[PDB]
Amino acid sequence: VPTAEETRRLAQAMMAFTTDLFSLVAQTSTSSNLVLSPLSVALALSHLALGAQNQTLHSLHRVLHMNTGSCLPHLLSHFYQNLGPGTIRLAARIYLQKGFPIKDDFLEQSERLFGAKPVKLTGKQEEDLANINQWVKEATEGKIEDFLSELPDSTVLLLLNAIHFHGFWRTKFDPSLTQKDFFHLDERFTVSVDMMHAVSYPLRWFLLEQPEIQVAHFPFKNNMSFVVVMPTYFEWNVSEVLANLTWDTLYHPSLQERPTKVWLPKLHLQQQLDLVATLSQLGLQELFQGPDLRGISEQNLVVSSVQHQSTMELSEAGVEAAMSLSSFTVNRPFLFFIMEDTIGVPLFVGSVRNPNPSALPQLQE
């Protein structure tokens, strides 16, 4: 159990890391939508931290904005383990090449904190790929299938990270009210989406005036929230929007809930990403050329690949059932945060520019 200041520091650190990673990926990537769990990446990097030493260890702390007096694996592991089950499925494993002996201390520690020991690769592209995917299928409990994709050899240390999110609203949506409706890609073009609907939903919703951004909080059951950040104009980027956000924008808005007509798209977002380039740019380039990971093996490791996948689903599922109201209509591009509400750690971030990439856009009148 960590201190009140210790979790306070972790929230601070994880927000800084989330911000850093999200921005970098946002400008690097070409995909229509974005979905990342910088937390999950942080947990994965804590695997490395557990076996890192000297400047490698230092750099891991520095990049994750973590105080070097605290223990990354313990903090992150403990935080995740205490989330309460059934909403986030997470898979984090270290895979190592055949000729690399692992320190017994590192196996036991990986076991204690991460639920499983790192695996040694057989040395055959065919057999290893199936074993990996099977284990990721098992650890996400069905949700994530066929993780990779491909595998070289040409492989020393592989760090795998897959995460699946599907939550339960504190207040459910009535699935009989969901309809195909217009989502505006821009001023002229629309796409059709399954629009969830509530006639009278309890909503904490407000405006950031000068930047022209609406913010709405949709509470999940287990001390989590889906926070919609929707600029009221089309031409924006992730970095400039983030720059306008504060802590109380994302965390514990004091504003009373208010009955609101709501339209919110169903979502099924999925991004897979090699983070070698991204993490190198953030300050971790030495991991991929000559790190000090003597905690794992006495000689002589290098991180070959950091493979991350986030899958997030939004649907009607939830626990509670129960003059004109105002309307909140999520039918413009937007940015989201999934927060944990007890302490303020961001679990997922993403950007939705098109909630139905397959659909043929329509030119509206």
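One-based numbering along the sequence shown.
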Looking at the deposited sequence, how many residues between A322 and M323 were given no coordinates in the entry: none, 1 to 3, 4 to 9, or 10 or more? 4 to 9
Hey, which bit's got the bigger mean C-alpha B factor in the entry, 331 to 339 or 66 to 74? 66 to 74
Got a sec? Mean C-alpha B-factor, which is higher, 263 to 271 or 148 to 156? 148 to 156
Highest Cα B-factor in the PDB entry belongs to which of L282, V227, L83, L287? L83
Among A116, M195, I213, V191, the highest C-alpha B-factor in the PDB entry belongs to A116
So where's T30 on the chain's Cα temperature factor ranking, which third? highest
Which third, lowest, middle or highest, does the CA B-factor of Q179 fall in along this chain? lowest
Ranking every modelled residue in this chain by its Cα temperature factor as given in the entry, which third contains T140? highest
Can you work out whether the C-alpha temperature factor of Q109 puts it in the lowest, middle or highest third of the chain? highest
When the deposited Cα B-factors of this chain's modelled residues are ordered and cut into thirds, is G123 in the lowest, the middle or the highest one? highest
